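> Protein chains in written order, with PDB author numbering: chain C, 561 to 700; chain H, 561 to 700; chain F, 561 to 700; chain A, 561 to 700; chain D, 561 to 700; chain B, 561 to 700; chain G, 561 to 700; chain E, 561 to 700.
Please see the structure below; I have some questions.
There are 8 protein chains.
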Amino acid sequence: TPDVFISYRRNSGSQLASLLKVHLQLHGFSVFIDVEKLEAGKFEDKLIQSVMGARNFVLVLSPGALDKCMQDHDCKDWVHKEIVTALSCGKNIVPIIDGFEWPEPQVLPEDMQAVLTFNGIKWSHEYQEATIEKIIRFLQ
Amino acid sequence: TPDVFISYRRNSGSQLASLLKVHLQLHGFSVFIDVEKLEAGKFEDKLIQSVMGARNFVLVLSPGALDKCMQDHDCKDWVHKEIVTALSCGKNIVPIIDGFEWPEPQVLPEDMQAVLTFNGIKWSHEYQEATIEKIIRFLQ
Amino acid sequence: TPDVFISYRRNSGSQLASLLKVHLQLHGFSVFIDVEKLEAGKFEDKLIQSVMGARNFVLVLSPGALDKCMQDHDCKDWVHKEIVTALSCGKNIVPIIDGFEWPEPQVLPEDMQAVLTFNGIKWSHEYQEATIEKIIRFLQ
Amino acid sequence: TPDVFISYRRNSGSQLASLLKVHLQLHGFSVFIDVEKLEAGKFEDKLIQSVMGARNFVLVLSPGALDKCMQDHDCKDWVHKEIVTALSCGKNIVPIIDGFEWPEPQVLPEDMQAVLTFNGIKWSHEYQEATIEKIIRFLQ
Amino acid sequence: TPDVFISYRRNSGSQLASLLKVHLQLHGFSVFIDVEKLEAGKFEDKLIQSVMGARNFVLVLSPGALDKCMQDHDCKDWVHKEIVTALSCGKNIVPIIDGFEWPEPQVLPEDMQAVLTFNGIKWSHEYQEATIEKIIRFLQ
Amino acid sequence: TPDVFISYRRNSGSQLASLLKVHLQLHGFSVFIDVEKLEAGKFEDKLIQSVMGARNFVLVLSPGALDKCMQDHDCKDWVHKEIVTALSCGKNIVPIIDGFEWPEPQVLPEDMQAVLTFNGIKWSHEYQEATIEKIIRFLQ
Amino acid sequence: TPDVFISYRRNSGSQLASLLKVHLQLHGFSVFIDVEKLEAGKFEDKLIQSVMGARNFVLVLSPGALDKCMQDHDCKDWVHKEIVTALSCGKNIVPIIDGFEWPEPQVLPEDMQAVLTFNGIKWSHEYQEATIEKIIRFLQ
Amino acid sequence: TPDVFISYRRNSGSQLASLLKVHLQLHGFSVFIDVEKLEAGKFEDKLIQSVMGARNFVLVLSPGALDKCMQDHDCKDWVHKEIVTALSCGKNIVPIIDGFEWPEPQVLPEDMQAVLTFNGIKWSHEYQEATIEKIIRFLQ
Ligand SMILES: Nc1ncnc2c1ncn2[C@@H]1O[C@H](COP(=O)(O)OP(=O)(O)OC[C@H]2O[C@@H]([n+]3ccc4c(I)cccc4c3)[C@H](O)[C@@H]2O)[C@@H](O)[C@H]1O
Ligand SMILES: Nc1ncnc2c1ncn2[C@@H]1O[C@H](COP(=O)(O)OP(=O)(O)OC[C@H]2O[C@@H]([n+]3ccc4c(I)cccc4c3)[C@H](O)[C@@H]2O)[C@@H](O)[C@H]1O
Ligand SMILES: Nc1ncnc2c1ncn2[C@@H]1O[C@H](COP(=O)(O)OP(=O)(O)OC[C@H]2O[C@@H]([n+]3ccc4c(I)cccc4c3)[C@H](O)[C@@H]2O)[C@@H](O)[C@H]1O
Ligand SMILES: Nc1ncnc2c1ncn2[C@@H]1O[C@H](COP(=O)(O)OP(=O)(O)OC[C@H]2O[C@@H]([n+]3ccc4c(I)cccc4c3)[C@H](O)[C@@H]2O)[C@@H](O)[C@H]1O
Ligand SMILES: Nc1ncnc2c1ncn2[C@@H]1O[C@H](COP(=O)(O)OP(=O)(O)OC[C@H]2O[C@@H]([n+]3ccc4c(I)cccc4c3)[C@H](O)[C@@H]2O)[C@@H](O)[C@H]1O
Ligand SMILES: Nc1ncnc2c1ncn2[C@@H]1O[C@H](COP(=O)(O)OP(=O)(O)OC[C@H]2O[C@@H]([n+]3ccc4c(I)cccc4c3)[C@H](O)[C@@H]2O)[C@@H](O)[C@H]1O
Ligand SMILES: Nc1ncnc2c1ncn2[C@@H]1O[C@H](COP(=O)(O)OP(=O)(O)OC[C@H]2O[C@@H]([n+]3ccc4c(I)cccc4c3)[C@H](O)[C@@H]2O)[C@@H](O)[C@H]1O
Ligand SMILES: Nc1ncnc2c1ncn2[C@@H]1O[C@H](COP(=O)(O)OP(=O)(O)OC[C@H]2O[C@@H]([n+]3ccc4c(I)cccc4c3)[C@H](O)[C@@H]2O)[C@@H](O)[C@H]1O
């Protein structure tokens, strides 16, 4: 299974996730993204099983990324699902912040709380080689 | 039996399906379609045993192709019947999306909810060369 | 150089226009379509230039095909603009008819009304191969 | 000297501008971007002196990328200042469409209004591989 | 193990905190600052485990540095709970004074009230060479 | 003579002026700061001669560093008096940004307008080493 | 422990207290002033114990010295707190008067009234040696 | 003859000046103060002829040390008479600042405004050892 798994929001952070894919690949990482690796069949059994098999779990944080996860107690939203699988399996979550404004824990569901307690990486357009060299530092 | 069976709405996807049917045949994929092989008076007992024979099932989801299917408990709608044999027989469904908007699962009857859970291909009018490849990779 | 220049409306004739092209170029003709052969630069020069360079002209009709062409007295529309260019030079126009309501000439621009007298070919949902012989016989 | 020169907005097209530069380099192109090639001194000379120095001119269009270019007849904006240099010197202009909604040519100033007449390349998230080869196809 | 551990507010004590780290390091110390040594994973378990291992404990005070610690009886504020673990563990608390005002001791939480009863060092910009030597003297 | 002359506002840039002095000294540069190289006598003669001496000119732009320069027609403020000297002799100006609100040129006196037209470096607390690496690239 | 303890009011007696130390020091006496001998750790225990260990006790009575001791029932004020420890251990109190006019002690707490009954010493600028020499004759 | 001449206001500078005198003497500078040297007879030609002989001219600037000199057009004030002799002879002036609020030049007579343009020394109660060391560098 690819080492890094990238979880993003389609209508908010598609360009960041694709830039993250390219730099990591040039540095010897095997990355998974849905618009490249997802194929024929039912798409539920491939997202959940692919998250587990990847050592790292990059989460792209872009403005209003977790708005749909709000009040999603039933666990229908597909960003709600992905974080839950990463926590329970205990992966190395590396949130990348790009214009994200953090809320307070009581606004989100109870299952996906531990993501807020992870050390993220600031994405900076002024010093990118420094931001990229830092992300590679976190990844295993 | 034909490699690919095409299911489309008569008053919507007729043009996409015909455009879709030709492209596959140029690539060695024998294709079945009603307007070319449907006769003999008793047509039910061939068209139902035409979707069983072909392993690949294509559901051309043109805008509002499921409109006349809600509350069809009798399952009289023809479009409803073809997919059922695909789900009952566990076929390889490859939906092609052209402007469709996905209703919530609770909307449509519970019987046919399976088709909503299959990864689908978005037909691109500007990059038609790459869209043809992605369909090939999905089809068996 | 191009031999057949195809005109259509992207909001209704996209699939129809795409289907026509594949057969004509299959038989050995040369075809120009915007979403393929159009190149870098300014296009208003190229389209009108390409329309002239094509001995054959094809028009695709469809409901809403000329809704935007109505009251285009300034010749800003691209369907109206390209039709007259071919019309003036006596280009071989081969219209294709579709399911739409025929509007009376007065509403449409007077200069463009001259194309209505050409011997169009109706598109058949059940005799697709029949139309290919009829249309390709019009060409050289 | 540089071969390509990328213009964009820093609050809407920086992720697409960064992804665009990465791919161009792998294919042997020398892309100029501000956050990398800009150094010490007065930047109004190196930017302009490099706009006219590169054969190709690339512009990234994003949601509302030209509003700061509207009614700015004073020419104080820099995306404006870069295009006129490319429009005037007759470089190869390659717009990229990423959610852009085209305005009618009247709103923008006169010296910039000829950019709307070029042939942009739609950015597709589903078919990024086909998008890049097109851009390279345009670059010369 | 880090010899020193700097606890500062981010929005006002970062310039003082970073200058301290440089001067302390040149004398052979091993300072811990979050932006340099905090890495991948949940961060709370790391610094609390790093302060406990920190022989000393520089607390940069800044105009309103402890503004956010009043009424934080929950022990959630981060400057707040950082001090408590060193009072609880009985470390060498060395307040650094740069523009700070001393309020009534009642308002602060009772778990951290012992912090106001320590000998502080006043930072001076006219005599920086002299305030650095005094800091190095307070460190054991 | 030295290599760098550092200008700041003592009320807000004192920490960033001392942080940038020690880093630049460790790289083999000679830095003039007012509270170290300034001895006894008429300081006006020494400041103006020190600005003229060092080839480089670093200006620490912090929140409001140019507020006192507004309406300074008489040229009495001392940060203003140093910038006019640097521009006139054509030195190498390297502004450093920190929380700065960039103003419209008109507010500042006409004498020192050219400072805003030089390329600067944004000070980053998370990526400080890359920032210091960038400054050394500007310096001569 | 010191041979003499200096208690003063920092907003008045600092300059005098600094002149007392530099004169008692030259006569062999060992002195405790807070600005130079107070160091790492908690300070309250060190200054209420230094009064105890001190062999002599000096109270610099300067304008406004005992204003803050007024109605200090809790004995928080350090000028108040340092006297009581001096009286309890039977120490020698040698007040120095510099423009101080003693009040009625009814208002003062009954635990401080003992100070005024001690033989005071007046500081004379004109005849410093006479007052310096008398102070030593009192230091026993 | 004395090498350092101390000017002070007896209602404020008496204590600091006496402190400043003792520290200077221990380092080997023959200092001149009125209470220690102003002999009998007529005192005008005593300290007016001394400052000229003394190379350095220290001036204690306690709160209101030049508030009586304001509008002293008659040269009556004795602090005024000493600055003019120091300036008019071109001596080395070393102001010592203690709780001073620097006035705007126009408030003072033109004869002695030149004393404000000398690099003064800020007296620090916490860092007197550095303060005293700094004066030694400023002396000659
Ligand atoms: N005895 C008779 N002989 C000849 N024509 C008859 C007839 N009775 C009725 N019609 C006509 O057929 C229409 C029903 O079609 P529609 O009402 O539009 O429904 P859909 O568009 O949803 O279906 C779209 C999908 O159905 C599958 N399909 C295939 C063959 C079908 C046949 I043969 C008959 C009916 C439905 C069929 C549906 C096909 O594969 C396609 O892909 C009626 O209106 C009549 O004009
Ligand atoms: N069967 C179907 N085939 C084609 N298109 C369909 C469809 N059903 C629905 N749509 C349409 O596609 C949109 C998706 O956007 P959303 O529903 O807002 O989801 P998100 O953007 O929040 O999550 C973003 C993250 O989820 C993971 N992911 C990966 C694949 C997914 C698929 I395939 C379907 C639905 C969610 C998916 C989520 C992946 O890792 C990604 O990075 C829907 O809205 C529909 O318009
Ligand atoms: N002297 C100074 N030094 C450092 N930073 C300064 C600064 N003055 C201002 N800022 C800050 O930098 C931001 C720039 O963002 P904007 O002013 O909104 O420009 P845009 O993003 O709209 O245009 C996008 C296109 O402009 C070209 N470009 C390149 C470099 C530029 C620089 I350097 C300054 C100003 C405009 C520039 C425009 C480039 O080719 C790009 O492709 C401002 O807002 C300030 O925060
Ligand atoms: N400068 C620009 N670069 C890139 N994309 C731009 C753009 N400006 C606008 N769009 C976008 O492309 C869409 C298409 O234009 P539409 O307004 O929908 O007109 P139609 O599609 O109905 O007519 C169809 C008939 O016109 C001929 N044709 C060919 C090429 C055209 C181009 I290139 C632009 C506009 C109209 C064109 C019409 C074509 O060969 C056929 O025969 C617009 O809506 C914009 O989303
Ligand atoms: N899960 C997340 N991952 C990444 N970034 C996140 C985040 N959540 C939130 N932010 C962002 O980072 C900021 C932190 O600054 P603040 O929240 O204002 O705290 P303070 O400045 O008041 O206290 C200053 C003292 O806190 C200690 N410290 C150290 C590390 C911390 C981390 I890592 C996260 C949150 C607080 C921390 C506090 C440190 O030792 C320092 O000395 C927030 O504001 C968010 O913008
Ligand atoms: N926790 C803290 N750490 C560092 N600095 C702190 C601080 N709290 C406060 N300040 C600062 O120090 C000033 C004290 O001024 P005050 O409290 O008004 O005292 P006084 O004016 O009466 O004159 C002084 C008299 O108190 C005895 N003394 C000696 C040492 C002291 C120390 I060390 C701390 C507090 C009080 C002290 C009192 C001394 O022996 C003499 O007799 C405040 O204003 C702050 O700027
Ligand atoms: N004939 C007389 N014999 C004896 N004592 C007399 C007297 N007439 C007047 N007083 C007394 O002196 C006071 C005026 O002192 P103040 O009003 O405070 O003025 P200052 O503080 O500026 O002076 C201090 C600064 O000036 C220089 N200095 C040096 C010597 C001075 C003398 I001798 C007299 C006046 C000012 C002098 C100033 C000195 O070197 C230092 O630098 C009056 O009240 C009388 O008690
Ligand atoms: N003769 C005197 N001796 C001692 N202290 C005096 C004094 N006169 C006045 N003060 C006091 O010192 C404060 C200075 O702070 P400010 O008034 O805000 O000035 P700035 O912020 O502009 O300075 C930031 C930049 O100015 C240059 N610089 C260098 C040396 C300066 C000197 I020497 C005096 C004044 C301004 C100077 C500015 C230097 O290069 C630095 O980088 C005033 O307010 C007075 O309280």
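Note that CB positions come from ideal geometry on N, CA and C, so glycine has one too.
(1) Quick one: using the 10 Å Cβ neighbour count with 16 as the cut-off for buried, is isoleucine 696 of chain H buried or exposed?
(2) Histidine 587 of chain E touches chain G at which residues, Cβ-Cβ below 8 angstroms?
(3) Quick one: residues with CB closer than 7 angstroms to any heavy atom of ligand 4, in chain order, please.
(4) Ignore the nearest five residues each way along the sequence and tell me which others in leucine 576 of chain F's own chain have a CB closer than 6 angstroms to its CB.
(5) When burial is assigned at 16 or more other CB atoms within 10 Å of the CB, is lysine 636 of chain A buried or exposed?
(6) Quick one: does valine 620 of chain C have its CB under 8 angstroms from some CB of chain A?
(7) Could you please tell me which residues of the segment 571–583 of chain E, in chain order, have their CB closer than 8 angstroms to any CB of chain G?
(8) Express the C-alpha separation of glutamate 689 of chain F and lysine 694 of chain H in angstroms, rounding to a whole number.
(9) Measure from the alpha carbon of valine 595 of chain H to the alpha carbon of each residue in H/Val618, H/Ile566, H/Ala614, then state which is nearest.
(10) Who are the neighbours of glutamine 700 of chain D on chain G, taking C-beta pairs under 8 angstroms?
(11) Using only alpha-carbon positions, find the residue among F/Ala674, F/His583, F/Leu598, F/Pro665 that is nearest to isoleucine 653 of chain F.
(12) Give the single residue among E/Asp671, E/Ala646, E/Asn616, E/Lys628 whose Cα lies nearest to the Cα of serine 590 of chain E.
(13) For the segment 672–683 of chain H, which residues have a beta carbon sitting closer than 8 angstroms to at least one beta carbon of chain C?
(14) Reducing DSSP to helix, strand and coil, say where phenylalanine 698 of chain C ends up.
(15) Any Cβ of chain C within less than 8 angstroms of the Cβ of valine 595 of chain A?
(16) If the cut is a Cβ gap below 7 angstroms, which residues of chain H does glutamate 686 of chain F touch?
(17) Which value, in whole angstroms, describes the spacing of the CA atoms of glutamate 604 of chain C and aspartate 627 of chain A?
(18) Using the three-state DSSP reduction, which class does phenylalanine 603 of chain F fall into: helix, strand or coil?
(19) CB-CB under 6 angstroms to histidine 633 of chain A, same chain, minus the five flanking residues each way: which ones, in chain order?
(20) Looking at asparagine 679 of chain C: is its Cβ nearer than 8 angstroms to the Cβ of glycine 601 of chain D?
(21) What distance in whole Å lies between the Cβ atoms of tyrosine 568 of chain B and residue 707 of chain B, which are believed to be in contact at a cut-off of 8 angstroms?
(22) Just to confirm the assignment, what range does the beta strand (DSSP E) spanning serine 567 of chain G have?
(23) By the DSSP assignment, the beta strand (DSSP E) with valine 620 of chain E in it spans what residues?
(24) Does the Cβ-Cβ distance between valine 618 of chain D and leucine 586 of chain D come in under 8 angstroms?
(25) Give the residues of chain C in contact with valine 611 of chain H, contact being defined as C-beta atoms less than 7 angstroms apart.
(26) Below 8 angstroms between beta carbons is the criterion; list the residues of the segment 650–666 of chain B that meet it against any residue of chain A, in chain order.
(27) Are the C-beta atoms of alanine 690 of chain B and some chain C residue less than 8 angstroms apart?
(28) Please list the terminal residues of the continuous beta strand (DSSP E) segment that includes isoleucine 656 of chain G.
(29) Among the candidates B/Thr677, B/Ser648, B/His640, B/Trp683, whose CA atom is the shortest distance from the CA of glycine 659 of chain B?
(30) Using C-beta distances below 7 angstroms, list every residue in its chain close to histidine 583 of chain H, excluding the 5 sequence neighbours before and after it, in chain order.
(31) Quick one: what's got a C-beta closer than 7 angstroms to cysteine 649 of chain D's C-beta in the same chain, skipping five residues either side?
(32) Kindly say whether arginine 615 of chain H, judged by its beta-carbon, lies nearer than 8 angstroms to any beta-carbon of chain C.
(33) Look at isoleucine 681 of chain G and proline 655 of chain G and say whether their C-beta atoms are less than 8 angstroms apart.
(34) On a CA-only basis, which of F/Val639, F/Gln609, F/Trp638, F/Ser572 is nearest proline 562 of chain F? Give me that one, please.
(35) Is the beta carbon of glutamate 642 of chain B less than 8 angstroms from the beta carbon of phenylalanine 698 of chain E?
In terms of the structure at hand:
(1) Counting from 1 along the second sequence, the entry for residue 696 of chain H is found at position 136. Answer is exposed; the Cβ neighbour count stays below 16.
(2) In the eighth sequence, residue 587 of chain E corresponds to position 27, counting from 1. Neighbours of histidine 587 of chain E on chain G: none; closest Cβ ~13 angstroms, over 8 angstroms.
(3) F/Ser567, F/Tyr568, F/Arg569, F/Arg570, F/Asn571, F/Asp594, F/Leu598, F/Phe603, F/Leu607, F/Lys628, F/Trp638, F/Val639, F/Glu642, A/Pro655, A/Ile657, A/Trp662, A/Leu676, A/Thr677, A/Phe678, A/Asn679, A/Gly680
(4) In the third sequence, the residue the question calls residue 576 of chain F occupies position 16. Excluding sequence neighbours, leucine 576 of chain F sits near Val620.
(5) Looking up residue 636 of chain A in the fourth sequence gives position 76. That one is exposed.
(6) As a first step, residue 620 of chain C is located in the first sequence; it is residue number 60 there, counting from the start. It does not; no Cβ of chain A falls within 8 angstroms.
(7) Among the residues of the segment 571–583 of chain E, those with a Cβ less than 8 angstroms away from any Cβ of chain G are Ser574, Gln575, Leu576, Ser578, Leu579, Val582, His583, in the order of the chain.
(8) Reading the second sequence from its first residue, position 134 is the one you call residue 694 of chain H. Reading the third sequence from its first residue, position 129 is the one you call residue 689 of chain F. Distance between the alpha carbons of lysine 694 of chain H and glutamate 689 of chain F is about 27 angstroms.
(9) Position 35 of the second sequence, counted from the first residue, corresponds to residue 595 of chain H. The candidate whose alpha carbon is nearest that of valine 595 of chain H is H/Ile566.
(10) The residue given as residue 700 of chain D occupies position 140 in the fifth sequence. Those within 8 angstroms of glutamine 700 of chain D in chain G are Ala600.
(11) As a first step, residue 653 of chain F is located in the third sequence; it is residue number 93 there, counting from the start. Selected option, being the one with the closest Cα: F/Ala674.
(12) Here residue 590 of chain E refers to the residue found at position 30 of the eighth sequence. Minimum Cα distance to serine 590 of chain E is reached at E/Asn616.
(13) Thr677, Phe678, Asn679
(14) Residue 698 of chain C sits at position 138 when you count from the first residue of the first sequence. Of the three classes helix, strand and coil, the one that applies to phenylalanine 698 of chain C here is helix, per DSSP.
(15) As a first step, residue 595 of chain A must be located in the fourth sequence, where it is residue number 35. Answer yes: the Cβ-Cβ gap between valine 595 of chain A and chain C drops below 8 angstroms somewhere.
(16) The residue you call residue 686 of chain F lines up with position 126 of the third sequence. What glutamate 686 of chain F touches in chain H: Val595.
(17) Here residue 604 of chain C is taken as the residue at index 44 of the first sequence, counted from 1. Here residue 627 of chain A is taken as the residue at index 67 of the fourth sequence, counted from 1. Rounded to whole angstroms, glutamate 604 of chain C to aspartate 627 of chain A spans 41 angstroms at the Cα level.
(18) Your numbering for residue 603 of chain F matches position 43 in the third sequence. Helix at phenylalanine 603 of chain F.
(19) Your numbering for residue 633 of chain A matches position 73 in the fourth sequence. The answer, listed in chain order, is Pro669.
(20) The sequence position of residue 679 of chain C within the first sequence is 119, counting from 1. The sequence position of residue 601 of chain D within the fifth sequence is 41, counting from 1. Taking 8 angstroms as the Cβ cut-off, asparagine 679 of chain C and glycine 601 of chain D qualify as a contacting pair.
(21) The structure shown does not extend to residue 707 of chain B, since chain B spans only 561 to 700, so no value can be given for it.
(22) One-based indexing of the seventh sequence puts residue 567 of chain G at position 7. Per DSSP, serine 567 of chain G belongs to the beta strand (DSSP E) from 564–567.
(23) As a first step, residue 620 of chain E must be located in the eighth sequence, where it is residue number 60. Note, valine 620 of chain E: beta strand (DSSP E), 616–621.
(24) On the fifth sequence, residue 618 of chain D is found 58 positions in, with the first residue counted as 1. On the fifth sequence, residue 586 of chain D is found 26 positions in, with the first residue counted as 1. No, the Cβ-Cβ distance between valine 618 of chain D and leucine 586 of chain D is not below 8 angstroms.
(25) Taking the first residue of the second sequence as position 1, residue 611 of chain H is located at position 51. Simply none; closest approach about 17 angstroms.
(26) Shown in chain order are the members of the segment 650–666 of chain B whose Cβ falls below 8 angstroms from a Cβ of chain A: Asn652, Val654.
(27) Stepping through the sixth sequence from its first residue, residue 690 of chain B is reached at position 130. Yes, because at least one Cβ of chain C sits closer than 8 angstroms to the Cβ of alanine 690 of chain B.
(28) Indexing the seventh sequence from 1 puts residue 656 of chain G at position 96. Looking at the DSSP string, the run of the beta strand (DSSP E) that includes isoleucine 656 of chain G is 652–657.
(29) Counting from 1 along the sixth sequence, the entry for residue 659 of chain B is found at position 99. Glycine 659 of chain B has its Cα closest to that of B/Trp683, out of B/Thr677, B/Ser648, B/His640, B/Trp683.
(30) As a first step, residue 583 of chain H is located in the second sequence; it is residue number 23 there, counting from the start. Hits under 7 angstroms: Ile692.
(31) Position 89 of the fifth sequence, counted from the start, is the residue given in the question as residue 649 of chain D. Closer than 7 angstroms at the Cβ level, and outside the excluded window around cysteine 649 of chain D, lie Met612.
(32) Translated into positions along the second sequence, residue 615 of chain H becomes position 55. No - not a single Cβ of chain C is within 8 angstroms of the one on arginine 615 of chain H.
(33) As a working mapping, residue 681 of chain G is identified with position 121 in the seventh sequence. As a working mapping, residue 655 of chain G is identified with position 95 in the seventh sequence. Yes, Cβ-Cβ distance for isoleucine 681 of chain G and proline 655 of chain G is below 8 angstroms.
(34) Along the third sequence, read from residue 1 onward, the residue named residue 562 of chain F stands at position 2. Nearest C-alpha to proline 562 of chain F: F/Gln609.
(35) Start at 1 with the first residue of the sixth sequence, and residue 642 of chain B comes out as number 82. Start at 1 with the first residue of the eighth sequence, and residue 698 of chain E comes out as number 138. Against a cut-off of 8 angstroms, the Cβ pair of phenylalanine 698 of chain E and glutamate 642 of chain B comes out as no contact.
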